[PDB]
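Residue numbers (the authors' numbering), protein chains in the order written: chain WW, 2 to 130; chain NN, 2 to 150; chain XX, 2 to 142.
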RNA sequence: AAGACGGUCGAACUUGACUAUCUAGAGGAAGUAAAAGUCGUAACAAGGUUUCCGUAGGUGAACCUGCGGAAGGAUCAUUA
RNA sequence: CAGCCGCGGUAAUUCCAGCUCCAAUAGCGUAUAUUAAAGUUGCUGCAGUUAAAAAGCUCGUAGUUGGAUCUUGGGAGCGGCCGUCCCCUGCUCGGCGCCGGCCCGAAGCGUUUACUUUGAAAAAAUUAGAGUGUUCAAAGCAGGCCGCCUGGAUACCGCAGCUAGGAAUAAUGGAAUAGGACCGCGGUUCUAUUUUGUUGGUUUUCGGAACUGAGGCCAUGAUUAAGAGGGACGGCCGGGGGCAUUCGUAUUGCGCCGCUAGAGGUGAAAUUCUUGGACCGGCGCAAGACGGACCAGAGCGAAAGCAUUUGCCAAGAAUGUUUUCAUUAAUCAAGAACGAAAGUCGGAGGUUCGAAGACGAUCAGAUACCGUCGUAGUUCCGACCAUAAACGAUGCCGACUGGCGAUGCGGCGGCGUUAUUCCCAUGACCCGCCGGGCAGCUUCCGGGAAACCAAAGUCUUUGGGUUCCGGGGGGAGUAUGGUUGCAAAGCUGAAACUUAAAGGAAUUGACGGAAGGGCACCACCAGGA
RNA sequence: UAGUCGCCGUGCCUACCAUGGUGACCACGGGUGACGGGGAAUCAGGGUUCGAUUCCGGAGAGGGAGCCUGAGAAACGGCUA
RNA sequence: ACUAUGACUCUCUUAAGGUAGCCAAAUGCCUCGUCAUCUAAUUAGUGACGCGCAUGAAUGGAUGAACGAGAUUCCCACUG
RNA sequence: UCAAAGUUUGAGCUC
Ligand SMILES: [Mg+2]
Ligand SMILES: [Mg+2]
Ligand SMILES: [Mg+2]
Ligand SMILES: [Mg+2]
Ligand SMILES: [Mg+2]
Ligand SMILES: [Mg+2]
Ligand SMILES: [Mg+2]
Ligand SMILES: [Mg+2]
Ligand SMILES: [Mg+2]
Ligand SMILES: [Mg+2]
Ligand SMILES: [Mg+2]
Ligand SMILES: [Mg+2]
Ligand SMILES: [Mg+2]
Ligand SMILES: [Mg+2]
Ligand SMILES: [Mg+2]
Ligand SMILES: [Mg+2]
Ligand SMILES: [Mg+2]
Ligand SMILES: [Mg+2]
Ligand SMILES: [Mg+2]
Ligand SMILES: [Mg+2]
Ligand SMILES: [Mg+2]
Ligand SMILES: [Mg+2]
Ligand SMILES: [Mg+2]
Ligand SMILES: [Mg+2]
Ligand SMILES: [Mg+2]
Ligand SMILES: [Mg+2]
Ligand SMILES: [Mg+2]
Ligand SMILES: [Mg+2]
Ligand SMILES: [Mg+2]
Ligand SMILES: [Mg+2]
Ligand SMILES: [Mg+2]
Ligand SMILES: [Mg+2]
Ligand SMILES: [Mg+2]
Ligand SMILES: [Mg+2]
Ligand SMILES: [Mg+2]
Ligand SMILES: [Mg+2]
Ligand SMILES: [Mg+2]
Ligand SMILES: [Mg+2]
Ligand SMILES: [Mg+2]
Ligand SMILES: [Mg+2]
Ligand SMILES: [Mg+2]
Ligand SMILES: [Mg+2]
Ligand SMILES: [Mg+2]
Ligand SMILES: [Mg+2]
């Protein structure tokens, strides 16, 4: 059965961005997804999406720009100590200059660099660059 | 996809967004209940009730017009059956199968379908055991089953 | 992997534990039949007595008469065709003399022409065969 | 003190059972490695009876035939 | 000689010597175990259409994974619309004390885990590491000024246990036959204890445990109904299954009638039948196979597969649906049902064909290919069996990314033709849309060793879930052991030893008793010495 | 359950009752060229193998067993088979 | 292509010329056949070998649990 | 509108 909503959505967008598609409809609306989009949006990687409320699991329409090479997921949700954060971000990213690993925490949903400022380890969700 | 078959049919009811009642309908929940009492007294399932109401009286859903649902109302008045109607219909089906096989011992396909049916029964039975509607000692037993319809 | 579950450590480890044995080399190391069957018994050298001189013929394209020698080990009693290498060294090897034998760099595998000969002679009577071939030392008589 | 009755532990010998490991052994029957034999030429070109699969029986040897499959076939088509 | 490829058959850059030249230098060579190299055991990180590979199919408890839904925000002051510092529990004894009340401090109590951060706690030795002129260093923890001055630090130290902070993600409870909260009223039974100035005793008042009557108030109590799933309903649909029932010709056999001498069969013949009437034709009878042609790149079935008529029995995929329940689900060692042909055991039946077998033919041989006979078997019922290239050689669910026409089913809409005939509403055409379904074509989507695939795609930009299974060829699916079976055999399943290659796709040749084109009197054709 | 022994707690031992406990989360049984650990070698990151060996803990002095003596021994450079 | 043997071929004789299996057995003269085991020692007995004077397929061949007042050989305990 | 067609010194090919 459908286990991971986010896991289906993020593939759908990467198969859009490869084709240069302009706006994308995603069928199951989750709160975690919503937090994820708002994280990338405040930092400027995409435009203004809008969510279609049905007294139900909503839908979401993303107006896509063209700056996103990939937006990936890590299943299963691994715990991540501050020891392993460097090895993860090394092996999981293009470079030491750019690209991000987004992990939700007790503190809240935020980037790994913000986790470095706040002194907060946690559970890896995914990444993008 | 379906559980014990290869079909993957997508056909079902689709309820609309407005949970509001229409303007033309002025039949109250109390009047509908007095109808419920008569029909339950006469002997009828929640399904067939919901069917008639939507057909003649033009009231598609009671859950939407009134607040609570039809089965919980029947449960309040003590019309609910000893066990759920779907298990009722399955054992009745099971019996007719074993009956037809009794003369017709060869029907192998009938044996295969029977066995899948019983697997489906015990699956539901464990759900209802967790939902705390059957007692722990309940048990489908082809010997005793035919007593139950 | 395929089960990328968070709680399948056991299932994974078990599978690995079964499949290591299908690797031919691990099985080679950990079952004893190879170590026991090997007359060297996990050793570099082994002493033995010369009992006869044999000219084994070479394999194809090449064409040669390789000079081997049937030794019998003392500790087990097993019999070996230890090959003497270089030019004119066989006249030195007298019969009924102790020679230290070594391998041939292949870990249980035949080498080229000499069919089934994994062993070569190092010493003769506390005298290096090299020293005899070079002419540094002499045989004690 | 010498000494004796009794209890407990009990070495040791005798026997059996199971159990592990190594091992001799008349003669037989397989595989593999060298050869420039002897008998034929199945197979690869329709290999001159297309090939192969499962299963039965047969024959000095390779092989043969029966029944039902597959094409990795010598046909991706054959006409209201 | 050469780890390997290879060298050596009379000018050997490969041997033995000399002549030189190279690497390393008081050190180098050889052997064996072992490690990186190995993305050749892969969690990070392999493969599984064709190179080795997916259980024949489906059911099934443990195992593993599982939809959505409940707190978001608020107050005062701050910095260059933006960010940050300050704050977001509740329910007996004294002072920031102030004019019995208010607040604070203290004691006790808190629906519960995983997760994360702190501290303590950790034997030294070791490792990393600060300092330090062993004359450098390897070492040591010493030393330095001319009486004095200093060092003899520090870090890492899995996992589990404890300690206090944080509460997003993943569980988990709660009020639904309300034996439901607050705060109250009165009984029944039992008592902590204070009391009547002093000698003694009890119940009360007044406090603390169980039981028991009827209230007032609570916004009074039940998350949605998933393009998750089950079950119901409507008319359909289909070589779907079983049982019983009906029909057809042909067939071979028989009986009878007609004319008659050959018939059979082959590349060419004979054994064979035949003037005791063959073959051929007509009419009757007979038994068991088989249901052609209609029959499609069509349907249904878990899979093998499933097609003469009619009847009975029940089922099901798919469709329409504002039908009910509200997480009941997906995949699965162990265990189980089914499973073409041959084979086996009993009966029943024994028409055809036809393993075996015999003989007749060709042929150097043929114990085969050709022929005449012909046994078991081939048919039905009842008992076993579980193996095929059981092939799409392609496991199941789930999502997304190009078209195009055709088709089968159910459903919907829409000029007109055409039968019901006399309209309606149905039937056949006709033009469309919708769901999933067997297939087809199509392209620089991208992938792939290529052959190829809208899937064999969404891969070094590598993780949606889960089973099975492969790691050089042979030896060998053998042996030994175990288990099943009347037997046949099935299943599980090693090693020694040998060996440097085995294979796939595609290119160019060569060959072809494969086809299409074209030519020549050292080819033929027509002929001649 | 009640005692015995023992410095105490306990099938440690004795007697009388009850009939339990473990198991695909791999027990049970068999193997181990296994004393354990602190550590070493190797390395990109993950890991792999080794570690009798000068510090700690255990066990042992031909094989097994038994004991006096002592605060302390089931001692082996103390005894009896 | 060591000798031996003879897979293979022919011929004479008859209508073919002993296939599958088995043994010095209750069937073998020469014979106490030869080798191994069983004994200190074994012309007996058991297991392989086959040239079988003269094995052999319903004149049935081979096996085979249970049973035998059947024929032989050995071992334990036991005994005038 | 299908009877058949076997072999080839050991005495030296090749980037
Ligand atoms: Mg399933
Ligand atoms: Mg052939
Ligand atoms: Mg042909
Ligand atoms: Mg052929
Ligand atoms: Mg072929
Ligand atoms: Mg024959
Ligand atoms: Mg030289
Ligand atoms: Mg590597
Ligand atoms: Mg390695
Ligand atoms: Mg192949
Ligand atoms: Mg293959
Ligand atoms: Mg399959
Ligand atoms: Mg397969
Ligand atoms: Mg979810
Ligand atoms: Mg017919
Ligand atoms: Mg089939
Ligand atoms: Mg299994
Ligand atoms: Mg069959
Ligand atoms: Mg059959
Ligand atoms: Mg039978
Ligand atoms: Mg025939
Ligand atoms: Mg003949
Ligand atoms: Mg024939
Ligand atoms: Mg198969
Ligand atoms: Mg991969
Ligand atoms: Mg192999
Ligand atoms: Mg080779
Ligand atoms: Mg000529
Ligand atoms: Mg001409
Ligand atoms: Mg340490
Ligand atoms: Mg120690
Ligand atoms: Mg210790
Ligand atoms: Mg000791
Ligand atoms: Mg002692
Ligand atoms: Mg001394
Ligand atoms: Mg001592
Ligand atoms: Mg004998
Ligand atoms: Mg015979
Ligand atoms: Mg007789
Ligand atoms: Mg006779
Ligand atoms: Mg006789
Ligand atoms: Mg016998
Ligand atoms: Mg021919
Ligand atoms: Mg020749």
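Even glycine gets a Cβ: it sits at the ideal position worked out from N, Cα and C.
Label residue i either buried or exposed according to how many other C-beta atoms from any shown protein chain fall within 10 Å of its C-beta, with 16 as the threshold for buried.
i, result
"residue 103 of chain WW", "buried"
"residue 203 of chain XX", "This structure cannot speak to residue 203 of chain XX, because chain XX is shown only from 2 to 142."
"residue 53 of chain WW", "exposed"
"residue 41 of chain XX", "buried"
"residue 113 of chain WW", "buried"
"residue 99 of chain WW", "exposed"
"residue 89 of chain WW", "buried"
"residue 127 of chain WW", "buried"
"residue 120 of chain XX", "buried"
"residue 63 of chain NN", "buried"
"residue 54 of chain NN", "buried"
"residue 117 of chain NN", "exposed"
"residue 117 of chain WW", "exposed"
"residue 66 of chain XX", "exposed"
"residue 32 of chain XX", "exposed"
So the alpha helix (DSSP H) residue i belongs to, where does it begin and stop?
i, result
"residue 130 of chain NN", "109–131"
"residue 35 of chain XX", "33–38"
"residue 51 of chain NN", "47–56"
"residue 152 of chain NN", "Because chain NN is modelled from 2 through 150, residue 152 of chain NN falls outside the range shown and cannot be assessed."
"residue 87 of chain WW", "83–92"
"residue 41 of chain NN", "30–43"
"residue 133 of chain XX", "130–135"
"residue 10 of chain XX", "10–20"
"residue 74 of chain NN", "71–78"
Which residues mark the beginning and the end of the beta strand (DSSP E) in which residue i is found?
i, result
"residue 26 of chain WW", "24–27"
"residue 73 of chain XX", "66–74"
"residue 105 of chain WW", "101–105"
"residue 80 of chain XX", "80–84"
"residue 54 of chain XX", "46–58"
"residue 125 of chain WW", "123–129"
"residue 139 of chain XX", "Element bounds for residue 139 of chain XX: n/a, residue is neither H nor E."
"residue 103 of chain XX", "99–103"
"residue 63 of chain NN", "First-last for residue 63 of chain NN: 63–66, but that is the alpha helix (DSSP H), not the beta strand (DSSP E)."
"residue 4 of chain XX", "Looking at the DSSP string, residue 4 of chain XX is not in any beta strand (DSSP E), and its letter there is neither H nor E."
"residue 42 of chain XX", "Run containing residue 42 of chain XX: none; DSSP gives neither H nor E here."
Would you grab the beta carbon distance between residue i and residue j for me? Rounded to a whole angstrom, and I think it's under 8 Å.
i, j, result
"residue 62 of chain WW", "residue 34 of chain WW", "That belief does not hold up - the Cβ atoms of residue 62 of chain WW and residue 34 of chain WW are roughly 13 Å apart, past 8 Å."
"residue 82 of chain XX", "residue 55 of chain XX", "7 Å"
"residue 10 of chain WW", "residue 76 of chain WW", "Not confirmed; about 13 Å, so no contact."
"residue 51 of chain NN", "residue 71 of chain NN", "7 Å"
Let me know the beta strand (DSSP E) ranges lying completely inside the segment 10–65 of chain WW, each 3 residues or longer, listed in chain order.
24–27, 51–53 and 60–64, all fully within the segment 10–65 of chain WW.
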